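Just the one chain here, laid out as structure tokens, in the form deposited in one PDB entry.
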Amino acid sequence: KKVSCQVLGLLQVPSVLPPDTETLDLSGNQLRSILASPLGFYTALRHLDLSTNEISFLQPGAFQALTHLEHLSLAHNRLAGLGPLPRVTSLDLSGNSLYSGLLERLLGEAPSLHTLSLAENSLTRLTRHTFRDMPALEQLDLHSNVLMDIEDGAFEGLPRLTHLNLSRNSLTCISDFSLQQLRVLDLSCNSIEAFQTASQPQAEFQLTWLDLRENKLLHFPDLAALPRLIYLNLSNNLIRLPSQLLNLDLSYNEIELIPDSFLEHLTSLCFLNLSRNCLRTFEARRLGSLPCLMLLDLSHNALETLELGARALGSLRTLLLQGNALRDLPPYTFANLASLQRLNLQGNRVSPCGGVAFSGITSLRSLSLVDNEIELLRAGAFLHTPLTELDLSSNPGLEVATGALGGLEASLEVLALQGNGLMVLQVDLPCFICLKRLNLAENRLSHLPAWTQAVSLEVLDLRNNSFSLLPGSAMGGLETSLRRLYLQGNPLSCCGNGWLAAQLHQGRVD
């Protein structure tokens, strides 16, 4: 009942195929016309596919002879006529160059379709008379169109429309929303500058998905009439900020301040990206704010001061704050918070305390302090912090004190010290049994602690160092757990030690 003609390329509809065939795929062909006489011979057809063609003529009675036709795919034809479709559930009209004005004459009566796809066409206006006599639609696909205007009653002929894709359009201003049955809306890649909804609706809306990304929205739109929304992408717009939302993407905007009242009604969010903005002040002074935020991204902003409240932002897991311009912070800025897991402070010049203090959090797992210009490291920087991932890379002139890593022996897994330029390391590497990967590229290190006992190290980086002699009496540890070894860039003498050449055969790499 299935005949595949995707590889086969022909010029007309075949007539030698068995009639009982239910699924026909005539993609990749060069048909130019459809006639009723060859098409009605396959009455038992259930699915028909004819995409990537050049069909320019459609007989009105060609599709009428197939009562069991379904999944109609008229994609990619020179259609720039059709009769009623009694039992077709799926329609696809992608790449057929439908302009605003052909759909009224082409579409007759069809109250039994589920999916209609008018994608990749040249539709300019969605007139009220474009959609009619089709109250069964549930999937409307209108992306890659050239729509600028939609009338107030254009979608009134679709009482059960739930998913609507209007991506890659030119829809500009939108001032009224009156689609109660809509569930999914995709207004991405448009020129929308304003998004206003109805005021005091009779019934609450049912929208649960909304893209407003890649637009020109100057303000955060008023979505108080959309209580069922769970995902909201507002990225790549120009929001300058003057109940059941979960995902919010406010990236690539001109957000300079966060209003307190805007934080009053913002609750139950789980995911949040607010990266690559120009924020000034971010203080969570209100009690009970941000109850269940599982992620919060504040990277690539210009925050100079932040004052997070006590026992307010406690459920956060992943935090990024790279690129900010912080000057002075209290040492207990992060101590009052409950269960931070991953903290990023790259390019913020945050000075650890001796015990901003980081040892006050017993739930922290990853911390990065790249390019913080730390001249000298405190001994009690991580005395009580069970950190597993540490990144103090790109810190020239850094001096490592004795016992700088206090209680990281049984917790630290990966450590990165790239570009630090350490002349000597005071950290006893072998006793870190839980360490797995190490980065020491671009440094002035000439000697390393003696590995008396084997460790669980897997990645060791030694770029641009001054290691000339590496005897096996000290470095010879962890010879069985080593998987990747790197030795380029070191001025190693020819056959100066002999252990590296012996271990290069097994348990080491180039």
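We number the residues from 1 along the sequence you see. We call the rigid core the largest set of C-alpha positions that still match within 1.5 Å between the two forms.
K.L.:
Check the residues of the deposited sequence separating residue 242 from residue 243 and report how many of them have no coordinates, as none, 1 to 3, 4 to 9, or 10 or more.
P.N.:
Unresolved stretch here: 10 or more residues.
K.L.:
Our gap detector needs a label for residue 80 to residue 81. Which class matches the unmodelled residues of the deposited sequence there: none, 1 to 3, 4 to 9, or 10 or more?
P.N.:
According to the record, 4 to 9 deposited residues lack coordinates from residue 80 to residue 81.
One more form of this protein should be noted, the form deposited in another entry, which is absent from this view; the next part is about it.
K.L.:
Tell me, which of 388, 324, 277, 368 is the one whose C-alpha shifts by at least 2 Å between the shown form and the other one, with the rigid core superposed?
P.N.:
With the rigid core superposed, the residue that stands out is 277.
K.L.:
Taking the rigid core as the reference frame, is the Cα of residue 19 displaced by 2 Å or more between the shown form and the other one?
P.N.:
Shift of 2 Å or more: yes.
K.L.:
Rigid core fitted, then: does residue 9 show a CA shift of 2 angstroms or greater between the shown form and the other one?
P.N.:
Residue 9 C-alpha, core-superposed: shift of 2 Å or more.
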